[PDB]
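first chunk of the complex, coordinates as they sit in the assembly:
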Amino acid sequence: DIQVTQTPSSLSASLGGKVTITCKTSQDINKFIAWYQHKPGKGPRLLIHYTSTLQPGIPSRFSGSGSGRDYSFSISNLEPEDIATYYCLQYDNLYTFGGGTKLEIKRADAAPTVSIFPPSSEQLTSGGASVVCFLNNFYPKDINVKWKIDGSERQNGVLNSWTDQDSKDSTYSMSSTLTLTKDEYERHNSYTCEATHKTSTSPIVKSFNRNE
């Protein structure tokens, strides 16, 4: 029943910089807090127990402190191998994980490369029509995509998916798919995806005409 508030839930940090995560508990946990690193496809790895005790082999980059209800965890000299999700765990009265902090790499801003694609003829023979928009290699991850049909905005039937931070250049990419019926699709002419991103005050606009 002990509640744990871990903050921030996500953090962009610079290589070589320092990051600090805090965990606040709903009552005194008497320094029984531990910290874990979690990478995809791996088991959680114990870094610290009893607030500040590092496990053997854990680099000196990692440290923890606190008491009562307020704890903190820090990574100094951030390295690429430290990019992971981190969790605190109170183990004073049963067990409660904090909500996690997903750590990502800071880099220079990059505008997205935007590409729009009409539905294929194959898909139309199944009676459906998906319009696809790729928004590739941008930074930071925050981005909004708008679909417009013959001028008016459409929100129903849109599915979005984002890649994780790119292993080649640490950018993000995103796919947006607007799915309509074939009959719906052939009732309109102009289809547009608009990308709004901090790299420009003006959105990036890509479109096609169904009859062109």
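Sure thing, it's come through. Numbering: from 1, shown residues only, chains lettered A, B, ... in the order given.

show me the contacts for residue A:146.
Residue A:146 sits next to A:153, A:193-194, A:196, A:203 when contact means Cβ atoms under 8 Å, 6 or more residues apart in numbering. Placement of C-beta: from N, CA and C, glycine included.

one more pass at 10 Å, please.
With Cβ atoms under 10 Å, 6 or more residues apart in numbering as the criterion, the residues that contact residue A:146 are A:133, A:153-155, A:158, A:176, A:192-196, A:203, A:205.

so can I have JSON lines of those showing distance to residue A:74?
What follows is those, written out as JSON lines (distance: Cβ to Cβ, whole Å):
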{"residue": "A:133", "distance to residue A:74": "40"}
{"residue": "A:153", "distance to residue A:74": "44"}
{"residue": "A:154", "distance to residue A:74": "46"}
{"residue": "A:155", "distance to residue A:74": "42"}
{"residue": "A:158", "distance to residue A:74": "40"}
{"residue": "A:176", "distance to residue A:74": "37"}
{"residue": "A:192", "distance to residue A:74": "46"}
{"residue": "A:193", "distance to residue A:74": "41"}
{"residue": "A:194", "distance to residue A:74": "41"}
{"residue": "A:195", "distance to residue A:74": "36"}
{"residue": "A:196", "distance to residue A:74": "35"}
{"residue": "A:203", "distance to residue A:74": "39"}
{"residue": "A:205", "distance to residue A:74": "44"}
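
what's the most distant pair in the residues you listed?
The two members of the contacts of residue A:146 with the most space between them (Cβ to Cβ) are A:155 and A:205, at 17.6 Å.

between these two, who's got more neighbours?
When neighbours are counted by other Cβ atoms under 10 Å, residue A:205 comes out ahead of the other of residue A:155 and residue A:205, with 13 against 8.

what bridges to the residue lying closest to that one once chain neighbours are set aside?
Excluding its sequence neighbours, the residue lying closest to residue A:205 (Cβ to Cβ, 6 or more residues apart in numbering) is residue A:194, at 5.3 Å. Counting by DSSP bridges, residue A:194 forms beta bridges with residue A:146, residue A:205.

sequence below should go in as chain B:
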Amino acid sequence: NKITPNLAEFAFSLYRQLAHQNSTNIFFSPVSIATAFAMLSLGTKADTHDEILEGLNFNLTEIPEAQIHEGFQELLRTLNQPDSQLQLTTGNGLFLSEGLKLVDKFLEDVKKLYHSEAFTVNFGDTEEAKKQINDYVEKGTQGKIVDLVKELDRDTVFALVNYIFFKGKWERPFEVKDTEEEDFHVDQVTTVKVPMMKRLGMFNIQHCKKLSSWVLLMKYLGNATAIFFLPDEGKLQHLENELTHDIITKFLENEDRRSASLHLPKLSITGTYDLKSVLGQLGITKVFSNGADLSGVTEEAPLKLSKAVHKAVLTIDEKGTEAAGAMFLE
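Okay, chain B now, added to the rest:
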């Protein structure tokens, strides 16, 4: 295993050291003692290192070090392998002072080859440090070895612990109602009454001319066997002198059985050994000296061993045998 012959000869070398000390009940774990020192040797160099492994009855020219450690890796994994009828567990724990500047290769080697757990301990809080080491051993031995460490220097830099736990049932157990008080001849003129388990049955029992002894093989359910050697009158020293790994293997290969009336005492034995001086007589000395080279553990400051303590406990009764051992290096 390519190291089992060496472990058996180490058993007999260490036994003979312990038997040369008045007469007392002897009970120890060869595997526990050897595993702890072989694991420690990963952090040693030069003469310090060669003395340890040679004191475990390895010739480093005949079996290279990498083969020795792979031998222990596979041995330990096999002793721990799943088994439903026999309980058998063994583990190694490395307890390291906070801020000891640890050589990473040593930590990686003991985790891979000796399956070691590793813990950060503040030996300055002596009650909590002792509690953790004693907790590791008590849980490993399922309550049989309690409070192994009573005094622990607050300036301790590391401790290395092995435990082993064994609990087996006799393939053919005794009946409690047939156990009776009978004489045990502690010498040629003195007897004491002891509870003696008794069964008339089919036993694997042979007389050995090389040993001048009767040899009984008592099988456990699962993958273990106890071998008992009953020397002929006046031949206990001869028996101790002639034990070899080749002789033991020959007995294990015989599966024949014959009718006999067996009388076997219940046993409850505990002993604590300071192994420093007897291991010294087996050649392991530099590691306990100011010249010890433990620079594979840490390069920050010179380090040596000051203590090598082994405790082992045994219960034999009508159902089977329970035994545990712990080896503590500091």
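
again for the contacts of residue A:146, chain B present now?
Contact criterion Cβ atoms under 10 Å, 6 or more residues apart in numbering or on different chains gives A:133, A:153-155, A:158, A:176, A:192-196, A:203, A:205 as the residues in contact with residue A:146.

burial of residue 169, as a residue count?
Because you didn't say which chain, this covers chain A. Applying the criterion other Cβ atoms under 10 Å in any protein chain shown, we find 10 residues in the vicinity of residue A:169.

ah, I was thinking of chain B
The number of residues packed near residue B:169 is 15, by other Cβ under 10 Å.

nearest residue to residue B:138 other than its sequence neighbours?
Using Cβ to Cβ, 6 or more residues apart in numbering or on different chains and skipping the chain neighbours, the partner closest in space to residue B:138 is residue B:146 (5.4 Å).

burial of the one you found, as a residue count?
Here the number of neighbours of residue B:146 (other Cβ under 10 Å) works out to 10.

ok, so what distance separates it from chain A?
In this structure, residue B:146 lies at 24 Å from chain A, with Cβ to the nearest Cβ, to the nearest Å as the measure.

need the contact list for that residue.
Per Cβ under 10 Å, 6+ apart, neighbours of residue B:146: B:134, B:137-138, B:313.

count the residues that sit near residue A:22.
What residue A:22 shows, counting by other Cβ under 10 Å, is a neighbour count of 17.

and the host helix or strand of it, what other elements does it pack with?
For residue A:22, the host element (DSSP states H and E) is strand A:19-25. Contact partners of strand A:19-25 among helices and strands, from 3 or more Cβ pairs under 10 Å, 6 or more residues apart in numbering or on different chains; DSSP states H and E: strand A:4-7, strand A:10-13, strand A:33-38, strand A:62-67, strand A:70-75, strand A:85-90, strand A:96-97, strand A:101-105.

please repeat the previous calculation with a cut-off of 6 Å.
Counting contacts by 3 or more Cβ pairs under 6 Å, 6 or more residues apart in numbering or on different chains; DSSP states H and E, strand A:19-25 is packed against strand A:4-7, strand A:70-75.

name the residues that touch the first one?
Applying Cβ atoms under 6 Å, 6 or more residues apart in numbering or on different chains, the external contacts of strand A:4-7 come out as A:22-25, A:88, A:90, A:96, A:98-99.

chain C next, sequence below:
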Amino acid sequence: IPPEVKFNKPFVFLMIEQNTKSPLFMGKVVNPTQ
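Putting chain C together with the chains above:
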């Protein structure tokens, strides 16, 4: 008549694990009243 085999004087023993043949424990009993 089956022989009587009495472990009623000092004796030696070994406990062996079957797969490895390794010597898990070794002992000598000189006096079981310990």
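
mind redoing the neighbour count of residue A:169 now chain C's in there?
Neighbouring residues of residue A:169 were enumerated by other Cβ under 10 Å; the total is 10.

which ones are touching whichever residue of chain A sits closest to chain B?
Closest approach of chain A to chain B (Cβ to the nearest Cβ) occurs at residue A:56, with a separation of 4.2 Å. Residue A:56 sits next to B:96, B:107, B:118, B:120 when contact means Cβ under 6 Å, 6+ apart.

the strand holding residue A:22 pairs with which strands?
The pairing partners recorded for strand A:19-25 under DSSP bridges are strand A:4-7 (antiparallel), strand A:70-75 (antiparallel).

related to what we said a few turns ago, okay, the contacts of residue A:56 in TSV with secondary structure and neighbour count next?
As requested, the contacts of residue A:56 are exported to TSV (DSSP: H, G, I helix; E, B strand; the rest coil; neighbours: other Cβ atoms under 10 Å in any protein chain shown):
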residue	secondary structure	neighbour count
B:96	strand	22
B:107	helix	19
B:118	strand	16
B:120	strand	21
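
what about residue 16, how many neighbours?
Picked chain A for this. The local packing of residue A:16 (other Cβ under 10 Å) involves 9 other residues.

chain B is the one I meant
Other residues within reach of residue B:16, judged by other Cβ under 10 Å, total 15.

over to the one 3 residues further on?
Summarising burial for residue B:19: neighbours were counted as other Cβ under 10 Å, giving 16.

about what we covered before: let's have the contacts of residue A:56 in a markdown table, adding distance to chain A.
Formatted as a markdown table, the contacts of residue A:56 follow (distance: Cβ to the nearest Cβ, whole Å):
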| residue | distance to chain A |
| --- | --- |
| B:96 | 5 |
| B:107 | 5 |
| B:118 | 4 |
| B:120 | 5 |
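
what's the closest of these to residue A:60?
When the contacts of residue A:56 are compared for distance to residue A:60 (Cβ to Cβ), residue B:120 wins out at 12.7 Å.

roughly how far apart are that closest one and residue A:50?
In this structure, residue B:120 and residue A:50 are 9 Å apart, going by Cβ to Cβ, to the nearest Å.
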